[PDB]
């Protein structure tokens, strides 16, 4: 029994189903593969097309999943899609009314067209199963918990008819207990409010990181006008008729002004964040307090995109409402895609479930075999120096103890948004200055942002307060208190409120990463590391060896540990040997607007990425000419001869575009099919 789970929209690599398809129209595309009830492979399409939270059809992810399972398309017994057919088709039909040139292709036709054109796979109609959206979430969250009965709560922005659903799970059967309508959405509430802070879709966890810097009393009575807690686990959100945003009109009337890009986060902004976070904590705990005592369950599985609110989860853990809580590493819609595989399997026969609680999210493609990795690192030789230590883990522990910030890339990539020891950036957790600098210089992000620690399972209760319910900490699902007597020791990873979104690593969840942290603790006395995701501000978590090396070279990391090779940047790297390539969404434009006296204005030149919310940057006339000659095979140095050789100012301009990922720059060739 081999079953594919699918989620996302249906756009091709280089175009969208309608032009500029909004970024929230079926986002976080992914593919998962289950075999005999076990999750054998899963990867988000963002890792492969390099578009964060992409809506494009997860073609590459399907291909990578099949290869990891050693399967052909013809081996797949069924395909589950994470929404009902009538809902996604009605939304497609709506887009087609707004875009009268788009042909009327609905989801079944588009899914089959993508699989046939992109994988040579003719999917028969009877093998495609559409699934209620919150049922898909619930299966994914519950079946990986290792529990044999539980309360299951799903809270997201919306499914087809509901923003929240409550289930009883027993054995492999789900029984719906209750639901909450779409206008009561807590995901929608959090996203509406996120927009007041100059942020957008995907930035909610940044708002969450901002909340502890604020005082929730300032705007508590304002948010109190937007919701009412009612008897027996009910609540209401109070909408308005002015604009499609629950939050902005009231806050505007009280004189709150939305933050602008590039402007500081004021104390009013921080206080706004703190009151928002308190509001959805109050509502969710109200829901759970009622359904815990009503359902009788002592164990909770929590899923849906709202379950990535690590602060909320930590509060649930400390609430005393449950004995055990489980949260999946991919509780957003990528996890619903996996749940749609289990639901499709259930619709066609008995359902097989995982045998054990999931401990590792290392489920994506790996980096390659040892031979091809070493060969590809040799292609990068004009840029990097490579060393092959006898014991890379021992060597990396020492570099960390000496204050180096390390890129760390091993085996299969993490499913879901957290880095957990396979595509990580790691540093000494003790100095508070590491937080200041890794925010400012490495990740190039806001100074208020916290950093998450990883601790060995054996030392976890020496540093963190895990009391209350038994939660699963393998995936940084829970914010927990750092013990007061350890807060000054753990300066880089203790948040302003004394908490940490902790990863507890064990020999079973991540043997190699556990050894790294254990050895570091033997050398320093502190078995705790800072662990942030391996990506710059312009990209999702790195996937391939080329992604890893590109990110290392365009961030300010000290050294890269990749499959036991230590990589350092050459003193003077030769950018000239790199072969530029367009991404499928890369565009180059020479533009004139109107000028004075209704003339044609002066020409300007720009590169941009062609998707909703994609970046753009001005380029010089010289680089515009250079980039127009890109062929995918010719090196940057040779291309540059048509404009008088790779200038130092030209190399610098190209390097800035590379850092922003407007194009692909990498040595000729590629690593080949992954061994």
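If you superpose the two forms and keep the largest set of C-alpha atoms that fall within 1.5 Å, you have the rigid core. Positions refer to the first chain, counted from 1.
The segment moving more, judged by mean Cα distance from this form in 6 other deposited structures of this protein after a core overlay, is 595 to 603 among 595 to 603 and 105 to 113. Per-stretch RMS Cα distance to the displayed form in 6 other deposited structures of this protein, following rigid core alignment, is highest for 434 to 442 when 434 to 442 and 208 to 216 are compared. 332 to 340 and 192 to 200 differ in mean CA B-factor, and the higher of the two is recorded for 192 to 200. A summary of the deposited B-factors shows that, of 256 to 264 and 233 to 241, the stretch with the larger mean C-alpha value is 256 to 264.
The PDB entry gives the largest Cα B-factor of the residues 89, 122, 135, 547 to 122.
Highest C-alpha temperature factor among 540, 407, 498, 368 per the entry: 368. Split the chain's modelled residues into thirds by C-alpha temperature factor. Residue 637 is in the highest one. Among all modelled residues in its chain, residue 309 ranks in the lowest third by Cα B-factor. In this PDB entry, residue 6 carries a Cα temperature factor that places it within the lowest third of its chain's modelled residues. Among the modelled residues of its chain, residue 58 has a C-alpha B-factor that falls in the lowest third, as given in the PDB entry. Per the deposited record, the Cα B-factor of residue 117 falls in the middle third when ranked against the other modelled residues of its chain.
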